[PDB]
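Text of the file run24.json, holding JSON, C-alpha atoms:
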[["chain", "number", "residue", "atom", "x", "y", "z"],
["A", 1, "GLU", "CA", 130.83, 23.44, -93.49],
["A", 2, "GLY", "CA", 128.64, 24.51, -90.55],
["A", 3, "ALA", "CA", 125.75, 23.09, -88.52],
["A", 4, "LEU", "CA", 122.06, 22.11, -88.39],
["A", 5, "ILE", "CA", 119.99, 23.84, -85.69],
["A", 6, "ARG", "CA", 116.49, 22.87, -84.54],
["A", 7, "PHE", "CA", 113.71, 25.40, -83.87],
["A", 8, "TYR", "CA", 110.54, 24.07, -82.26],
["A", 9, "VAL", "CA", 107.42, 26.00, -83.24],
["A", 10, "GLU", "CA", 105.29, 27.14, -80.27],
["A", 11, "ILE", "CA", 102.01, 25.44, -81.20],
["A", 12, "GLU", "CA", 99.78, 22.48, -80.25],
["A", 13, "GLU", "CA", 101.27, 19.91, -82.63],
["A", 14, "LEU", "CA", 104.94, 18.89, -82.57],
["A", 15, "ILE", "CA", 106.65, 20.74, -85.42],
["A", 16, "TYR", "CA", 110.24, 21.92, -85.68],
["A", 17, "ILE", "CA", 112.26, 23.79, -88.29],
["A", 18, "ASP", "CA", 115.72, 22.50, -89.03],
["A", 19, "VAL", "CA", 118.02, 25.24, -90.24],
["A", 20, "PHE", "CA", 121.45, 25.00, -91.83],
["A", 21, "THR", "CA", 123.98, 27.69, -90.91],
["A", 22, "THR", "CA", 127.71, 28.31, -91.37],
["A", 23, "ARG", "CA", 127.52, 30.60, -88.33],
["A", 24, "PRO", "CA", 126.36, 28.61, -85.26],
["A", 25, "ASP", "CA", 128.30, 31.17, -83.18],
["A", 26, "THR", "CA", 125.48, 33.67, -83.85],
["A", 27, "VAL", "CA", 122.54, 31.58, -82.59],
["A", 28, "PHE", "CA", 121.80, 33.81, -79.55],
["A", 29, "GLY", "CA", 121.42, 36.65, -82.07],
["A", 30, "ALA", "CA", 118.65, 34.92, -84.01],
["A", 31, "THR", "CA", 115.67, 37.30, -83.85],
["A", 32, "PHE", "CA", 113.43, 35.57, -86.42],
["A", 33, "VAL", "CA", 113.17, 32.55, -88.72],
["A", 34, "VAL", "CA", 112.65, 32.68, -92.49],
["A", 35, "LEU", "CA", 111.32, 29.87, -94.71],
["A", 36, "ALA", "CA", 111.68, 29.81, -98.50],
["A", 37, "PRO", "CA", 108.37, 30.45, -100.30],
["A", 38, "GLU", "CA", 108.40, 26.87, -101.64],
["A", 39, "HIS", "CA", 109.16, 25.40, -98.18],
["A", 40, "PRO", "CA", 106.46, 22.79, -97.35],
["A", 41, "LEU", "CA", 105.91, 24.29, -93.87],
["A", 42, "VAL", "CA", 104.86, 27.72, -95.20],
["A", 43, "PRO", "CA", 101.21, 26.84, -95.92],
["A", 44, "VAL", "CA", 101.07, 24.55, -92.84],
["A", 45, "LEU", "CA", 102.19, 27.22, -90.36],
["A", 46, "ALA", "CA", 100.21, 29.91, -92.20],
["A", 47, "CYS", "CA", 96.92, 28.06, -91.65],
["A", 48, "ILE", "CA", 97.73, 27.53, -87.97],
["A", 49, "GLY", "CA", 98.60, 31.25, -87.82],
["A", 50, "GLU", "CA", 95.20, 32.26, -89.23],
["A", 51, "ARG", "CA", 93.16, 30.02, -86.91],
["A", 52, "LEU", "CA", 94.85, 31.85, -84.03],
["A", 53, "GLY", "CA", 93.94, 35.16, -85.76],
["A", 54, "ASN", "CA", 97.62, 35.98, -86.36],
["A", 55, "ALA", "CA", 97.92, 35.63, -90.15],
["A", 56, "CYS", "CA", 95.88, 35.68, -93.39],
["A", 57, "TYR", "CA", 96.09, 32.30, -95.16],
["A", 58, "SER", "CA", 94.97, 33.54, -98.58],
["A", 59, "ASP", "CA", 97.53, 36.37, -98.34],
["A", 60, "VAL", "CA", 100.34, 33.87, -97.69],
["A", 61, "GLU", "CA", 99.11, 31.59, -100.50],
["A", 62, "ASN", "CA", 99.21, 34.70, -102.75],
["A", 63, "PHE", "CA", 102.83, 35.35, -101.79],
["A", 64, "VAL", "CA", 103.87, 31.74, -102.53],
["A", 65, "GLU", "CA", 102.03, 31.71, -105.88],
["A", 66, "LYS", "CA", 103.60, 35.02, -106.98],
["A", 67, "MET", "CA", 107.07, 33.90, -105.85],
["A", 68, "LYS", "CA", 106.90, 30.59, -107.77],
["A", 69, "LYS", "CA", 106.60, 32.45, -111.10],
["A", 70, "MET", "CA", 109.64, 34.60, -110.26],
["A", 71, "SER", "CA", 113.30, 33.67, -110.98],
["A", 72, "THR", "CA", 116.40, 33.36, -108.74],
["A", 73, "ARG", "CA", 118.21, 36.30, -110.38],
["A", 74, "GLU", "CA", 115.12, 38.48, -109.86],
["A", 75, "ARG", "CA", 114.22, 37.23, -106.38],
["A", 76, "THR", "CA", 117.47, 37.82, -104.46],
["A", 77, "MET", "CA", 119.28, 40.37, -106.65],
["A", 78, "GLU", "CA", 116.77, 42.58, -108.52],
["A", 79, "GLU", "CA", 113.64, 42.84, -106.35],
["A", 80, "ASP", "CA", 113.81, 44.40, -102.86],
["A", 81, "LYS", "CA", 113.20, 42.23, -99.78],
["A", 82, "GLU", "CA", 109.60, 41.01, -99.69],
["A", 83, "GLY", "CA", 107.99, 38.67, -97.17],
["A", 84, "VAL", "CA", 104.99, 37.63, -95.07],
["A", 85, "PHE", "CA", 104.49, 36.90, -91.35],
["A", 86, "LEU", "CA", 103.26, 33.33, -90.77],
["A", 87, "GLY", "CA", 101.44, 33.91, -87.47],
["A", 88, "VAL", "CA", 103.61, 31.58, -85.41],
["A", 89, "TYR", "CA", 106.75, 31.70, -83.25],
["A", 90, "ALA", "CA", 109.67, 29.29, -82.96],
["A", 91, "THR", "CA", 111.84, 28.74, -79.90],
["A", 92, "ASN", "CA", 115.48, 29.75, -80.17],
["A", 93, "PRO", "CA", 117.16, 26.58, -78.80],
["A", 94, "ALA", "CA", 120.06, 28.59, -77.31],
["A", 95, "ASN", "CA", 118.11, 31.06, -75.14],
["A", 96, "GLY", "CA", 114.57, 29.68, -75.38],
["A", 97, "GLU", "CA", 113.06, 32.97, -76.50],
["A", 98, "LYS", "CA", 110.18, 32.93, -78.98],
["A", 99, "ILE", "CA", 111.01, 34.40, -82.38],
["A", 100, "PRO", "CA", 108.56, 35.10, -85.25],
["A", 101, "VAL", "CA", 108.46, 32.86, -88.33],
["A", 102, "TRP", "CA", 108.37, 34.57, -91.74],
["A", 103, "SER", "CA", 108.59, 33.59, -95.39],
["A", 104, "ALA", "CA", 110.71, 35.73, -97.73],
["A", 105, "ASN", "CA", 111.82, 36.09, -101.35],
["A", 106, "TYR", "CA", 115.59, 36.13, -100.76],
["A", 107, "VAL", "CA", 115.74, 32.65, -99.22],
["A", 108, "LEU", "CA", 116.06, 29.91, -101.83],
["A", 109, "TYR", "CA", 114.61, 26.42, -101.34],
["A", 110, "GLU", "CA", 117.73, 24.93, -102.98],
["A", 111, "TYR", "CA", 120.25, 25.90, -100.27],
["A", 112, "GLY", "CA", 120.50, 24.02, -96.97],
["A", 113, "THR", "CA", 117.07, 23.04, -95.69],
["A", 114, "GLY", "CA", 115.34, 25.94, -97.49],
["A", 115, "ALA", "CA", 114.96, 27.55, -94.07],
["A", 116, "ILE", "CA", 117.26, 29.92, -92.19],
["A", 117, "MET", "CA", 117.75, 31.53, -88.80],
["A", 118, "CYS", "CA", 118.05, 35.29, -89.12],
["A", 119, "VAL", "CA", 120.84, 37.24, -87.49],
["A", 120, "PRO", "CA", 120.48, 40.84, -88.79],
["A", 121, "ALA", "CA", 123.48, 42.08, -86.79],
["A", 122, "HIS", "CA", 125.79, 39.66, -88.60],
["A", 123, "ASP", "CA", 124.37, 38.90, -92.06],
["A", 124, "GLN", "CA", 123.79, 41.78, -94.49],
["A", 125, "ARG", "CA", 121.05, 39.95, -96.38],
["A", 126, "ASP", "CA", 119.14, 39.48, -93.08],
["A", 127, "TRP", "CA", 119.95, 43.07, -92.09],
["A", 128, "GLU", "CA", 118.17, 44.46, -95.16],
["A", 129, "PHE", "CA", 115.05, 42.37, -94.47],
["A", 130, "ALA", "CA", 114.96, 43.45, -90.79],
["A", 131, "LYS", "CA", 115.37, 47.08, -91.86],
["A", 132, "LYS", "CA", 112.31, 46.79, -94.14],
["A", 133, "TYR", "CA", 110.15, 44.93, -91.61],
["A", 134, "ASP", "CA", 111.52, 46.47, -88.37],
["A", 135, "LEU", "CA", 112.84, 43.22, -86.89],
["A", 136, "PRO", "CA", 115.37, 43.52, -84.08],
["A", 137, "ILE", "CA", 119.14, 43.77, -84.39],
["A", 138, "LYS", "CA", 120.84, 41.78, -81.63],
["A", 139, "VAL", "CA", 124.64, 41.89, -81.43],
["A", 140, "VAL", "CA", 126.24, 38.61, -80.34],
["A", 141, "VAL", "CA", 129.61, 38.71, -82.13],
["A", 142, "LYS", "CA", 131.11, 42.01, -80.93],
["A", 143, "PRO", "CA", 133.96, 43.25, -83.14],
["A", 144, "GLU", "CA", 137.06, 44.70, -81.50],
["A", 145, "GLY", "CA", 136.88, 47.98, -83.45],
["A", 146, "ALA", "CA", 134.01, 50.47, -83.54],
["A", 147, "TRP", "CA", 130.99, 49.49, -85.64],
["A", 148, "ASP", "CA", 127.59, 51.06, -86.26],
["A", 149, "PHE", "CA", 125.02, 48.24, -86.50],
["A", 150, "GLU", "CA", 122.33, 50.81, -87.31],
["A", 151, "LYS", "CA", 124.22, 51.33, -90.60],
["A", 152, "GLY", "CA", 125.01, 47.69, -91.46],
["A", 153, "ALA", "CA", 125.67, 44.09, -90.47],
["A", 154, "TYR", "CA", 129.09, 42.97, -89.27],
["A", 155, "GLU", "CA", 129.92, 39.60, -90.79],
["A", 156, "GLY", "CA", 133.49, 39.14, -89.49],
["A", 157, "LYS", "CA", 135.14, 37.50, -86.47],
["A", 158, "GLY", "CA", 134.92, 38.76, -82.90],
["A", 159, "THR", "CA", 134.08, 37.93, -79.29],
["A", 160, "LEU", "CA", 130.70, 36.73, -78.06],
["A", 161, "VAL", "CA", 128.29, 38.99, -76.16],
["A", 162, "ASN", "CA", 124.63, 38.55, -75.11],
["A", 163, "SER", "CA", 125.27, 34.80, -75.39],
["A", 164, "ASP", "CA", 124.69, 33.25, -71.95],
["A", 165, "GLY", "CA", 127.76, 31.30, -70.80],
["A", 166, "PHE", "CA", 129.52, 31.54, -74.16],
["A", 167, "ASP", "CA", 130.33, 35.24, -73.64],
["A", 168, "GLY", "CA", 134.00, 36.27, -74.02],
["A", 169, "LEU", "CA", 134.79, 33.31, -76.26],
["A", 170, "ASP", "CA", 136.19, 34.07, -79.71],
["A", 171, "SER", "CA", 133.65, 33.38, -82.47],
["A", 172, "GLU", "CA", 135.53, 30.64, -84.38],
["A", 173, "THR", "CA", 136.05, 28.68, -81.14],
["A", 174, "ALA", "CA", 132.42, 29.37, -80.17],
["A", 175, "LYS", "CA", 131.12, 27.66, -83.34],
["A", 176, "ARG", "CA", 132.30, 24.24, -82.15],
["A", 177, "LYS", "CA", 131.34, 24.61, -78.49],
["A", 178, "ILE", "CA", 127.84, 25.94, -79.24],
["A", 179, "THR", "CA", 127.33, 23.14, -81.79],
["A", 180, "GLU", "CA", 128.55, 20.51, -79.29],
["A", 181, "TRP", "CA", 126.26, 22.05, -76.66],
["A", 182, "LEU", "CA", 123.15, 21.91, -78.91],
["A", 183, "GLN", "CA", 124.03, 18.44, -80.22],
["A", 184, "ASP", "CA", 124.26, 17.13, -76.64],
["A", 185, "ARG", "CA", 120.80, 18.61, -75.99],
["A", 186, "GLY", "CA", 119.45, 17.12, -79.24],
["A", 187, "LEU", "CA", 118.74, 20.60, -80.66],
["A", 188, "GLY", "CA", 121.61, 20.74, -83.16],
["A", 189, "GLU", "CA", 123.97, 18.73, -85.35],
["A", 190, "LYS", "CA", 127.48, 19.03, -86.82],
["A", 191, "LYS", "CA", 127.69, 18.96, -90.62]]
Step by step, read the file and then write its structure as structure tokens.
Amino acid sequence: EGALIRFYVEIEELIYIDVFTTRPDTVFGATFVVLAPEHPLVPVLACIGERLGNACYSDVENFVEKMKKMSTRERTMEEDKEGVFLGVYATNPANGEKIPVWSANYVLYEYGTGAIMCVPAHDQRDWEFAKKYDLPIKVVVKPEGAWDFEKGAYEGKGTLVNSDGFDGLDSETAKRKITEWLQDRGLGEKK
């Protein structure tokens, strides 16, 4: 089992999004955050988004409503990636960059915290979503062989790049040391 990682939302009130991942080694590659449609923070962040003129609250409420009637088999296996921008950004705890918060069909409320960090370079499901919505691919687990990230996500083991002081470390070793690093900063937790 992996780790819990904390993403503070860049707004006036103190709100954070805990995310469960089996790949804490890829945290520097997180380019956006996705909440399940049923996730209690979706309407909350959406309203904040709108007041800042960054989202349409009714439009988000329409997404949630439509997605509640739909079924698991249809949501993540039959229907193409569908999602809405919430109008807010969260802070990647590893690098401190702001990343956009979205809600999407393919993330189920049942698994983990019902909220995920998205690493398109290294998770195919996230790759498809980023392809549809033009969200960035950021390689952090470089494979040894040649790989075209413009054609697909690489989900295997490798050596860290674009990852601050964790560069050059092998990815399975990096999981522990990045977790321990975040845990010591109160921004992550071992599971």
Checklist entry - Between A:107, A:146, A:99, A:118, which is the closest to residue 73 in chain A once you count only C-alpha atoms? => result A:107
Next on the checklist: Residues proximal to (111.9, 30.2, -78.9) were defined as those with any atom within 12 Å of that point in the file's coordinates, counting all atoms listed in the file. Which are they, as a ChimeraX atom specification?
Outcome noted: /A:6-11,16-17,27-33,88-101,117,187
Can you write out the residues you just picked, keeping C-alpha atoms, as an mmCIF file, in the coordinates of the input?
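And here is the file that came out, out26.cif:
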data_model
loop_
_atom_site.group_PDB
_atom_site.id
_atom_site.type_symbol
_atom_site.label_atom_id
_atom_site.label_comp_id
_atom_site.auth_asym_id
_atom_site.auth_seq_id
_atom_site.Cartn_x
_atom_site.Cartn_y
_atom_site.Cartn_z
ATOM 1 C CA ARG A 6 116.490 22.870 -84.540
ATOM 2 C CA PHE A 7 113.710 25.400 -83.870
ATOM 3 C CA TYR A 8 110.540 24.070 -82.260
ATOM 4 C CA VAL A 9 107.420 26.000 -83.240
ATOM 5 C CA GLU A 10 105.290 27.140 -80.270
ATOM 6 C CA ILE A 11 102.010 25.440 -81.200
ATOM 7 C CA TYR A 16 110.240 21.920 -85.680
ATOM 8 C CA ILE A 17 112.260 23.790 -88.290
ATOM 9 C CA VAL A 27 122.540 31.580 -82.590
ATOM 10 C CA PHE A 28 121.800 33.810 -79.550
ATOM 11 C CA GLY A 29 121.420 36.650 -82.070
ATOM 12 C CA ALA A 30 118.650 34.920 -84.010
ATOM 13 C CA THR A 31 115.670 37.300 -83.850
ATOM 14 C CA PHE A 32 113.430 35.570 -86.420
ATOM 15 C CA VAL A 33 113.170 32.550 -88.720
ATOM 16 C CA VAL A 88 103.610 31.580 -85.410
ATOM 17 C CA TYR A 89 106.750 31.700 -83.250
ATOM 18 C CA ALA A 90 109.670 29.290 -82.960
ATOM 19 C CA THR A 91 111.840 28.740 -79.900
ATOM 20 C CA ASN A 92 115.480 29.750 -80.170
ATOM 21 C CA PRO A 93 117.160 26.580 -78.800
ATOM 22 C CA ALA A 94 120.060 28.590 -77.310
ATOM 23 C CA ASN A 95 118.110 31.060 -75.140
ATOM 24 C CA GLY A 96 114.570 29.680 -75.380
ATOM 25 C CA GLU A 97 113.060 32.970 -76.500
ATOM 26 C CA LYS A 98 110.180 32.930 -78.980
ATOM 27 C CA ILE A 99 111.010 34.400 -82.380
ATOM 28 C CA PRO A 100 108.560 35.100 -85.250
ATOM 29 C CA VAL A 101 108.460 32.860 -88.330
ATOM 30 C CA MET A 117 117.750 31.530 -88.800
ATOM 31 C CA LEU A 187 118.740 20.600 -80.660
#
Item to check | Residue among A:186, A:24, A:158, A:40 lying closest to residue 109 in chain A, counting only C-alpha atoms | outcome: A:40
Next on the checklist: Let me make sure I understand: among A:55, A:130, A:77, A:47, which one has the smallest atom-to-atom distance to residue 106 in chain A if we use all atoms listed in the file?
Outcome noted: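 Of all the options, A:77 lies closest to residue 106 in chain A.
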Checklist entry - What is the CA of residue 115 in chain A-CA of residue 19 in chain A distance in Å, reported with one decimal? => result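 These two atoms are separated by 5.4 Å.
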Item to check | For CA of residue 176 in chain A and CA of residue 21 in chain A, the interatomic separation in Å (one decimal) | outcome: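 Separating CA of residue 176 in chain A from CA of residue 21 in chain A is a distance of 12.6 Å.
The interatomic distance for the pair CA of residue 190 in chain A and CA of residue 165 in chain A works out to 20.2 Å.
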Checklist entry - A:167, A:61, A:180, A:80: which is nearest residue 5 in chain A, counting all atoms listed in the file? => result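 Using all atoms listed in the file, residue 5 in chain A sits closest to A:180.
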Checklist entry - Which residues come within 8 Å of residue 3 in chain A, counting all atoms listed in the file, excluding same-chain residues fewer than 5 positions away, as an MDAnalysis selection string? => result chainID A and resid 20:24 179 188:191
Which residues of range 107-129 of chain A come within 10 Å of range 81-86 of chain A, and what is each one's closest atom pair and distance in Å (one decimal), counting only C-alpha atoms, sorted by chain and residue number, as JSON lines?
{"residue": "A:107", "atom": "CA", "partner": "A:81", "partner_atom": "CA", "distance": 9.9}
{"residue": "A:125", "atom": "CA", "partner": "A:81", "partner_atom": "CA", "distance": 8.9}
{"residue": "A:126", "atom": "CA", "partner": "A:81", "partner_atom": "CA", "distance": 9.4}
{"residue": "A:128", "atom": "CA", "partner": "A:81", "partner_atom": "CA", "distance": 7.1}
{"residue": "A:129", "atom": "CA", "partner": "A:81", "partner_atom": "CA", "distance": 5.6}
Just C-alpha atoms for this one: save the residues we selected as a PDB file, keeping the file's coordinate frame.
ATOM      1  CA  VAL A 107     115.740  32.650 -99.220  1.00  0.00           C
ATOM      2  CA  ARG A 125     121.050  39.950 -96.380  1.00  0.00           C
ATOM      3  CA  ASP A 126     119.140  39.480 -93.080  1.00  0.00           C
ATOM      4  CA  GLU A 128     118.170  44.460 -95.160  1.00  0.00           C
ATOM      5  CA  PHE A 129     115.050  42.370 -94.470  1.00  0.00           C
TER       6      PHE A 129
END
